[PDB]
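Sequence positions in the sequence shown follow the deposited numbering and run 1 to 125.
The C-beta atom is built at its ideal place from N, Cα and C for all residues, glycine as well.
The structure appears right after this line, and notes come after that.
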Amino acid sequence: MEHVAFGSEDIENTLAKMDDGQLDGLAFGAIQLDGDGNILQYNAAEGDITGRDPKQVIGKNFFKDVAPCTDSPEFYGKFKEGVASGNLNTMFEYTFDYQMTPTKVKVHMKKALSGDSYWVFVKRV
Ligand SMILES: *C(=O)/C=C/c1ccc(O)c(Cl)c1
């Protein structure tokens, strides 16, 4: 289990060193998206929260295909505003309910260090 807390101030530096295997060691869900919302990384804890197979969602568009319930100003809108500005860092609660039992989560979106990369972190609430 990787020793990183959800919402930590330097999380983007800590996660910069992690291959897909170390990402699976996190205590919380972690998704990496490009600026368009395409899934670059998707860890085991997120698969546990959502039911999706982490290997099978890589390459899919999060907002268009995987997670349409986030296609809204309250989630996607915050994401694309942060991508456009280049300083994405926002935390909010949300309910995931597409083809799943509705699940309330806390979401932290933060711009990655890798430039055109953005983290979406998720934990249960
Ligand atoms: C609602 O459509 C949200 C669905 C959803 C949220 C988070 C993750 O990781 C996935 Cl695969 C789907």
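{"query": "Contact belief for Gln22 with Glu2 at Cβ below 8 angstroms, rounded distance in angstroms", "result": "6 angstroms"}
{"query": "DSSP bridge partner residues for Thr90 (one or two, in chain order)", "result": "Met109"}
{"query": "DSSP-derived helix/strand/coil call for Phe96", "result": "strand"}
{"query": "Neighbour-count burial assignment, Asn43, 16 or more Cβ in a 10 Å radius", "result": "buried"}
{"query": "Environment of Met91 [buried if 16+ CB atoms lie within 10 Å]", "result": "exposed"}
{"query": "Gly29 versus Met109: straight-line alpha-carbon distance, rounded", "result": "11 angstroms"}
{"query": "Residue interval of the alpha helix (DSSP H) (run including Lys123)", "result": "No alpha helix (DSSP H) holds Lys123; the beta strand (DSSP E) holding it covers 118–124."}
{"query": "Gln99 burial status per 10 Å Cβ neighbour count (16 or more: buried)", "result": "exposed"}
{"query": "The beta strand (DSSP E) enclosing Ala30, as first and last residue numbers", "result": "29–33"}
{"query": "Pick from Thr101, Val66, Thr95, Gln56 that is closest to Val122, judged by C-alpha positions", "result": "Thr95"}
{"query": "Terminal residues of the alpha helix (DSSP H) in which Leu23 lies", "result": "20–23"}
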